[PDB]
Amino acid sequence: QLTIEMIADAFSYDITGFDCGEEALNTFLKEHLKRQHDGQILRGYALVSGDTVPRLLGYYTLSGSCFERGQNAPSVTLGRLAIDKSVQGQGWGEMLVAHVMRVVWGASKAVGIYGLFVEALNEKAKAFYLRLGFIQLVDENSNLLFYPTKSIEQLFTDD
C-alpha cells in the first residue's frame, strides 16, 4: 500500500536500511532530507509505505527554475530522484516522474510554467528520461532534458 506524499515539517519516516544503489542519493537522504534542509528552494516528495511507522522507499526533489536565451521564461526542475532497491524494477520510478508532472501541471494552473527540466548525470539516467518522452538539449545543455507543460496537459486530461 504505497502512497506519494510531500515531505512535510516533521519528516517522521523510517529510513533505516535505505539503499537506492547510488550512495550520493543515500547520503543526501540521511544528511539533508532528514534534517529538513528544504522548504525554500528544494521541495521533496516521498514514496512511503502503509506501515504503522511509514517507511520511505523513494523520493524526489523539485525546485522552481527558469530558462533563458544566452529572454527569460519560468520552469520547474527535477533534481534528485531515488528508488530503494527493494522496490526497483516495478515501475515506481516512472510513477514518481508521473507524480512530478502532476505537480508541475498543478503548479502551472496558478503560475506561468512552460515545462519540466531534468539533469541527467549519467547515460543510464539519460536513457531513463528519454524513454519517457523527454527531449534532450544540445552542447552546453546536453545533460538537460525538457518536457513541455502542454504535453503534461494532454497526459492527465486524457487520463
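From 1 onward, residues are counted along the sequence shown.
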### Query
Do any residues of the deposited sequence lie unmodelled between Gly50 and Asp51, and which range holds their number: none, 1 to 3, 4 to 9, or 10 or more?
none
### Residue stretch of maximal mean CA temperature factor, 95-103 vs 120-128
120-128
## Note on the structure
Chain-relative C-alpha B factor for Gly70 (record values, thirds): the highest
### Task
Can you work out whether the C-alpha temperature factor of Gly133 puts it in the lowest, middle or highest third of the chain?
middle
#### Entry: Third assignment of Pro54 from its chain's C-alpha B-factors
highest
